[PDB]
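So the chains spell out like this:
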Amino acid sequence: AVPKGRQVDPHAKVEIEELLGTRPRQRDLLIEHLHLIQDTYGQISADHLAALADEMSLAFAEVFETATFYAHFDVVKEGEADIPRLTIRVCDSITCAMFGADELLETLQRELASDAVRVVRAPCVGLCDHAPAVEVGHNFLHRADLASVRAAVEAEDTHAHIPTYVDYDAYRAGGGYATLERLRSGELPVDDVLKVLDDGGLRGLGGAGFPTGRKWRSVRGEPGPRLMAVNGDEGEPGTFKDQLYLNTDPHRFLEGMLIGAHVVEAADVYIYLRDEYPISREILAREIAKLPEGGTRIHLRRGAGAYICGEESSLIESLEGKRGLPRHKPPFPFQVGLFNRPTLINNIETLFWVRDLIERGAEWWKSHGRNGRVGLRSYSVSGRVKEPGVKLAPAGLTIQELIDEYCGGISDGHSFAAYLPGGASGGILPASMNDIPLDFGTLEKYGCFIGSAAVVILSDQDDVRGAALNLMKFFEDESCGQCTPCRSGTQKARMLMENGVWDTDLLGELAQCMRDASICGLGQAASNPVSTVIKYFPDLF
Amino acid sequence: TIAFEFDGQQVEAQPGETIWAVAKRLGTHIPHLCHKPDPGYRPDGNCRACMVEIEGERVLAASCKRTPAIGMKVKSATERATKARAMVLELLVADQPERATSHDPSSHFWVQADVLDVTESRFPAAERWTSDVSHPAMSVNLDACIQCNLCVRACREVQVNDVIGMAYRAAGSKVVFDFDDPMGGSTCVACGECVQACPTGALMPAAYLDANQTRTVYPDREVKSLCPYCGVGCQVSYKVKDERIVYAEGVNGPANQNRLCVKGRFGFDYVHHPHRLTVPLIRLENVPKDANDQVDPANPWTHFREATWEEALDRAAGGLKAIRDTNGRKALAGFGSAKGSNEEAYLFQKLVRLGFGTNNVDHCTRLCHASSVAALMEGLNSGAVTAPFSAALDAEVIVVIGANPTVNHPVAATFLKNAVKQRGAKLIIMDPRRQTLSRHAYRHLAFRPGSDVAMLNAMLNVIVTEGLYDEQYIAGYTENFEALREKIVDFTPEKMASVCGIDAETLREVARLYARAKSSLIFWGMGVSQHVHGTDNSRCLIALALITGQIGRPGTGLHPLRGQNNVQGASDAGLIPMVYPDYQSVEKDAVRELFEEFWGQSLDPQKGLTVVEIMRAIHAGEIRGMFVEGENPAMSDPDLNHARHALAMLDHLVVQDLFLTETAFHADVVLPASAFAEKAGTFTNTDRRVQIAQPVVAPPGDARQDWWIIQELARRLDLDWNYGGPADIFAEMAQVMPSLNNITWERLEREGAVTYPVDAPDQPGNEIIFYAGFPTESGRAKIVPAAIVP
Ligand SMILES: Nc1nc2c(c(=O)[nH]1)N[C@H]1C(S)=C(S)[C@@H](COP(=O)(O)OP(=O)(O)OC[C@H]3O[C@@H](n4cnc5c(=O)[nH]c(N)nc54)[C@H](O)[C@@H]3O)O[C@H]1N2
Ligand SMILES: Nc1nc2c(c(=O)[nH]1)N[C@H]1C(S)=C(S)[C@@H](COP(=O)(O)OP(=O)(O)OC[C@H]3O[C@@H](n4cnc5c(=O)[nH]c(N)nc54)[C@H](O)[C@@H]3O)O[C@H]1N2
Ligand SMILES: Cc1cc2nc3c(=O)[nH]c(=O)nc-3n(C[C@H](O)[C@H](O)[C@H](O)COP(=O)(O)O)c2cc1C
Ligand code: SF4
Ligand code: SF4
Ligand code: SF4
Ligand code: SF4
Ligand code: FES
Ligand code: FES
Ligand SMILES: [W+6]
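Residues numbered from 1 in each chain as written, not as in the entry; some residues may be left out. Chains lettered and ligands numbered in written order. Heavy atoms only, no water.

In the PDB header, cryo-EM is given as the technique by which the entry was determined, and 2.83 Å as its resolution.

As structure tokens, this is what we get:
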């Protein structure tokens, strides 16, 4: 019998005792204590995991299982190598790949890499329009090159650079929470807010399209003390819209968040923005502390890789301080939320627009719309476009229109060959099908969807099959590995495509299995690039 | 009930039944890898082998985890579902090592794959983790792992040992133990629950594999019996390979939920020990019976000599006969064993009562829990637990004062952990030293050793002065509630905090929580009992349970943890020198006459001497001649000139042990006994359940059954006993034991176990006793205060 195990070192106990101070030692804050240890010390030493488990009355298995799921926590045991102080991350994703990310990754992985710096790949940092994107110790470099990264590293320009944004007083000078103040006081009934929200037809902008008013009403119907969470994960490779609104007009989002909390009576709300957004984190921390006291207490939570944590059940489980594994859906997350209490989760995009509907009317929202579709959408456009960035355009906008009316053209020396609507989650489409309106319910008949309005333009200078391989590798790395079809199917599909010619029939069968028997939406869409490139690019096999 | 449609035909589903369970009931079972249809395993739908098609849904559903709702239409034979299941199996097979030299090539996974006709895979295999063999008893080879997660449920939900987890993401997600260590140095307790929960050979016992980690041994025979280590009555299924026990699996007993500890999984090798007595031994006349002599177990012929089963047996039964007929009937005594069957214990005490004609019957295992049983009998007229340890699943507050079940009754501790982790149960560990259960404890009242009566009296004073007691229960079911009320005033938390180790506010909180709880069980062991003057420790515990009313209803009672195979059934058999079988007083004239007429011989009126009394009387020479069965008094109590010297002064010692133990060093005749593995009979556990044991192997050499030796000694003592086996002995003793009234050998063979206070043949017994009064003459219990007189 060998039940001894590993003895918590006394030195590691005092360090976590002083480190935690008076913070609550409840499992719900496990991820946050992991962040605290990872930040105070560039790694999470095994003795530190043991000390944290002792302080939080957990098992070593529990803390290790939680802390090795996120790709930004560096567990280091007695035999592992010490992580260097500076960690520069090179995005390896479709757009940064178009702009020489892999070549750049190799370049600075052999030139400025050393024992004092670590160069690793990253899925995506929402900086696609400024590709290639590289992070240097919380400082993300736009259109990174060898010289720029070298200057950043040698100058110690590691910390994030906070931009100029409308502060709390500036927001007061205009809107200034007047709509919220008219809600916290009985001047406009909550029924009117829901009525206008439903009439406008605003739909969830995180990549589902579910009406916001319906979510709010359904959660309001559920009894008991309700809760609310905000999805700032925005992990889709082609999506950067949310970061733009966080770092420009945070208080519009905060007003929407407070309106949603009041409409639901949620005593408190949680924000789950990425750790790839130091700018947004600092902005919210500054402005979260300037709102008036009372109302609903608002918590700002931080992520760690784990693209899957953007899934609502996964986000719930991550907020619970455990692995961001999604949940089965006999119980919906609005019925049984994070603490088993009904909660609504909304993207920071949809919270950004509620104020305008309440103050400017539903007719304003329904006045826009290019094709038969209605509404207003923020498009994240990157790649082979003359002007890449977030485009606030009407709904039902065909990609040809979105390119030659908002992007200023395609490029010099490039031709429009293929595009992917909705990002990696959606499938690649040929440029010959440019007459397809882009909206929530107009892209399914082609096996695609536009979740976050992430649009990446493929030219004739880039191979569609390489793009599909990149997307498959992204899904393979990002799957939480809970169910079989996703965990194993992503790996098998990636393996099948490292060959010169892959088996179309086998890939189709595996894609059908993945799409039919996967637990969450990550695996139900992981095979979309493969099937789409097979179907709409017959002349590539 | 839900009247839904499955595979085109309407069916009915019991409440809480999943679609998979309904399908299995109707016979149309479907593949399952992550789902383990055994008690205690929560269906997790992460294998997607159980996929079915239910109308109205955009995707397939895991009948593993999904329950049928009214109007639901399910189809599992459709092309969609069959293809999805086959693709899942194909992916996993592509990940599998092999099916010729693999780990458990007949595993559950391979059976399910054969069901789906998935022999090979079209998808490339992937390199996996290396085999790990650090732990001696069981080898993990994750290269076969399916990530079905069953092992984490087994370690963290069923046993709640918390030594397993899936820490990585994606395909890299692997099974770890604690910080991904090789297990051989982790906190693993080797209970084997994960090994019994793996659907592949990724987790196997190390005795089924070889150097190459391929399955080698397939046990030809498997026999189900009990575990002779704990008093928890943990049922086992022993695996026999070439007339040897090579592995043990837990079965669905009523005390264990298919779960064992390390001692049930392994440790069976004691039966096949090389140094196991096989032939009777007689002490040769040349060798003197030295006080400090040590017989070599490897060389038992330095002090003893070979002899047939009629020479040694005659010597044993003749020395005692001569002693009784010359020195007197009061010069003999016998020590039974709480390790043998109830039929052996009854037969042994009957021999010591008839052939020796006295009451000098006492098994050394009763010294521990002696005080607790004394107090429980004084207050309640019954020494048995009031509730099963499975009652913790219904109790709101659990008290584990003075016990360490996680080490000594691991399955009971697992049930306590399940109560905590699945119900709103608050367990309080009232132990001076920190305990593994402390991490799951609402409070841990670490108090100075010996300062237990003080703090329990403080809790009683809190309950009394605060009016927490329910006057309704006292007035109608108890006596003497006013006597303590006079003296409880003196003991108060403010004063008792100093002498104790708990602050007054903590004592107040614990007492209030215990009193106001709807249900509240108390568990205790040797910590309070073996402590000098352990009757007071028990007395105040009974007072707490009694004034508060926490007794006689589900989730409530007093359950001292008996740490021996069948000490409870040994006492029920009459191995006590102060009472007959079934706790019938030996001094009562009516009881004496009942046995005198039934046993057909005059019986000794005066109560027999206790084990310590016998040991100290050996020194005075009042008692000369013994018969020790399944006990080692030579190394039980302090043995310098009180226990070892006592045995050497015996005129004639007979011992019936499995090994040439220390107590057998001074034995004139050694009787090779059969172990629990190679014996039949019945055993009673701490839970008060009577279970039947079965032989798995044969005794080494010509070693005989214990009851056979006892009967032979009786026959040579003129008793003329004729029993054909344990069944006849059980019937005879059931004819005289009110406890075993409506239970028979035929009924005990079926159903595995029967809690003996039963009313009808088909009734399940009375797990909770004292529900409608107490067996006391007045029909109500007594509240006895505890006296502190240092
Ligand atoms: N696996 C296993 N099972 C066994 C045994 C074994 O060695 N291993 N041995 C057997 C033994 S002979 C008997 S029959 C039982 C033992 O049953 P147990 O209850 O386990 O007896 P102990 O282990 O000696 O102590 C139990 C707890 O009492 C606490 N304690 C110590 N001092 C005090 C005190 O002054 N007051 C109080 N209230 N508590 C105190 C101790 O810290 C300890 O945690 O289990 C038996 N079964
Ligand atoms: N040094 C020491 N002394 C102790 C204790 C201790 O743990 N250590 N424990 C103390 C208290 S708490 C209790 S545990 C006791 C110790 O507990 P004991 O029961 O007195 O010691 P064991 O060796 O466990 O008892 C088993 C004995 O009976 C035999 N035996 C086992 N099974 C069978 C069987 O199926 N049939 C037959 N015929 N014989 C069998 C074994 O060979 C051995 O001689 O005394 C106490 N004294
Ligand atoms: C794998 C996966 C990842 C997702 N990640 C995000 C995300 O990072 N941000 C987001 O707003 N929605 C994300 N979604 C969409 C979810 O619907 C989201 O968690 C939530 O529903 C947003 O609600 P809303 O549309 O009402 O704002 C993701 C969905 C899936 C399947
Ligand atoms: S589909 Fe992928 S991410 Fe979703 S639960 Fe299954 S393995 Fe995890
Ligand atoms: S043998 Fe028991 S303690 Fe060890 S890993 Fe398996 S379930 Fe956990
Ligand atoms: S070790 Fe066995 S039980 Fe555990 S996840 Fe792997 S296949 Fe399942
Ligand atoms: S808990 Fe007790 S009865 Fe059950 S296997 Fe372990 S030692 Fe044997
Ligand atoms: S930052 Fe590189 S693809 Fe988004
Ligand atoms: S049958 Fe559902 S995962 Fe095993
Ligand atoms: W004992």
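Caption draft 1: Representation of the environment of B:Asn381 within the structure. All names here are of chain B. Considering the arrangement of structural elements, one finds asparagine 381 in the loop between α8 (370-380) and β16 (397-399). Counting along the chain gives 110 residues from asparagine 381 to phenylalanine 491, while the straight-line C-alpha distance between them is 27 Å. Leaving out residues up to four positions away in the same chain, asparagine 381 has contacts with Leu376, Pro775 and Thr776. A distance of 3.4 Å separates the side chain of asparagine 381 from the backbone oxygen of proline 775, its partner in a polar contact. (Helix = DSSP H or I, 4+ residues; strand = E, 2+ residues; numbered from the N terminus. Contact = heavy atoms within 4.5 Å. Polar contact = N/O pair within 3.5 Å; in protein donor to acceptor, adjacent residues only side chain to side chain.)

Caption draft 2: Focus on the domain arrangement of chain B. All names here are of chain B. Partitioning chain B into structural domains gives domain 1 (5-77), domain 2 (281-365 + 566-755) and domain 3 (370-561). Here the C-alpha centre of domain 3 lies 36 Å away from the C-alpha centre of domain 2. Between domain 2 and domain 3, the contact holds six residues from the first and 11 residues from the second. Put simply, domain 2 and domain 3 have three residue pairs in polar contact between them. (Domains from an automatic or database assignment.)

Caption draft 3: Molecular detail of the interface of chain B and chain A. With 55 residues of chain B at the interface, the matching set in chain A holds 53 residues. Between chain B and chain A lies a buried interface of about 4,400 Å² when both sides are counted; carbon and sulfur atoms form 57% of it. Of all residues in chain B, B:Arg48, B:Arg169 and B:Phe179 bury the most surface against chain A, accounting for 21% of the area lost on that side. With a shortest N-O distance of 2.7 Å, A:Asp516 and B:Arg80 are connected by a salt bridge. Taken together, the links from chain B to chain A amount to 28 residue pairs in polar contact. Counting only elements with at least two residues in the side of chain B that touches chain A, the list comes to α2 (79-95) and β7 (165-166) of chain B. Residue contributions to the side of chain B that touches chain A peak at nine residues, all from α2(B). (Buried area = accessible area lost by both parts, 1.4 Å probe. Salt bridge = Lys/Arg side-chain N within 4 Å of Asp/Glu carboxyl O.)

Caption draft 4: Focus on the site of ligand 7. All names here are of chain B. Taken together, the residues surrounding ligand 7 are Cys227, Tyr229, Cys230, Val232, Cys234, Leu260, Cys261, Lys263, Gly264, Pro410 and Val411. Elements with a minimum of two residues in the shell around ligand 7: α5 (262-265) and α10 (410-422). Each residue belonging to the shell around ligand 7 can be placed in one class, and the counts come to nine nonpolar, one polar and one charged. (Near = heavy atom within 4 Å. Nonpolar A, V, L, I, M, F, W, Y, C, P; charged D, E, K, R; others polar.)

Caption draft 5: Just the site of ligand 4, in detail. Residue and element names in this part refer to chain A. Ligand 4 sits among 13 residues. The nearest are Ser479, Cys480, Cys483, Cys486 and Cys520. The set of elements that each furnish at least two residues to the shell around ligand 4 consists of α20 (484-497) and α22 (521-526). Across the shell around ligand 4, the residue classes break down as eight nonpolar, four polar and one charged.

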